[PDB]
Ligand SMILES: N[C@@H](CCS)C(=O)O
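One chain follows as structure tokens, the form deposited without this ligand.
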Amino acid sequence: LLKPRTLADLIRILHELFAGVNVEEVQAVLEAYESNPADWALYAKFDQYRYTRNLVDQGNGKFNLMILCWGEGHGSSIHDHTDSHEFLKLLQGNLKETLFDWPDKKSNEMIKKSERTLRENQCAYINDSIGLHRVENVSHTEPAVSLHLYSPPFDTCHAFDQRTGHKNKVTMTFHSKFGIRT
């Protein structure tokens, strides 16, 4: 388990780690990579209206690695992770992560577990056993850029209505893949 000097090195180290996964080790190497905008500028493609997903690597099928670009005030739904893992690392700016419990079957306001602000180079980890979350760039002045690793890869998740706990299936949309607009 070595310090990744560049994004390219990080990806190689991740391929080795996923050749079989140890969550703590993945989190450790992600934290250890020091964000360098020169490494990831190609993928940092923004949209005026919502956050974007920019695929970086497909993990020899073991994981999806993508960079998400968040305009001021852009946020996600409250969502799950489709029986998979999500690791997220801040590359620039700040994101607020709000944790929620899984809702009961009754319609009810959703129950907010905790919140934290993630800052540059910090990470977070979530899975369905931990709960649900919402990720948002609450800044009025600064975009955020984050690095997200999903394993196994998945295309869809559920968004939850905070007022009721009811969920709707949604399909991930890609803004770009391998630097190319899609």
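Residue numbers here begin at 1 and follow the sequence given.
This protein has a second form, the form deposited with this ligand bound, left out of what is shown; the following refers to that one.
Task: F63, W40, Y51, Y33 - the one with a heavy atom within 4.5 Å of this ligand in the deposited complex - done: None of the others qualify; the residue that does is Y51.
TODO: Answer with one of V29, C123, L68, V56: the residue that has a non-hydrogen atom within 4.5 Å of this ligand in the deposited complex.
DONE: Contact residue from the list: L68.
- [ ] State yes or no: in the deposited complex, is some non-hydrogen atom of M172 no more than 4.5 angstroms from a non-hydrogen atom of this ligand?
- [x] Yes, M172 sits close enough to this ligand in the deposited complex that at least one of its heavy atoms falls within 4.5 Å.
Open item on the list: At 4.5 Å between heavy atoms, is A144 in contact with this ligand in the deposited complex?
Closed with: Judged by the heavy-atom cut-off of 4.5 Å, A144 is well away from this ligand in the deposited complex.
Task: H74: touches this ligand in the deposited complex, heavy atom cutoff 4.5 angstroms - done: Contact with this ligand, no.
Task: Contact flag, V135 vs this ligand in the deposited complex, heavy atom cut 4.5 Å - done: Yes, contact at 4.5 Å.
Task: Contact set, 147-172 vs this ligand in the deposited complex - heavy atom within 4.5 angstroms - done: The stretch touches the partner through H148, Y150, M172.
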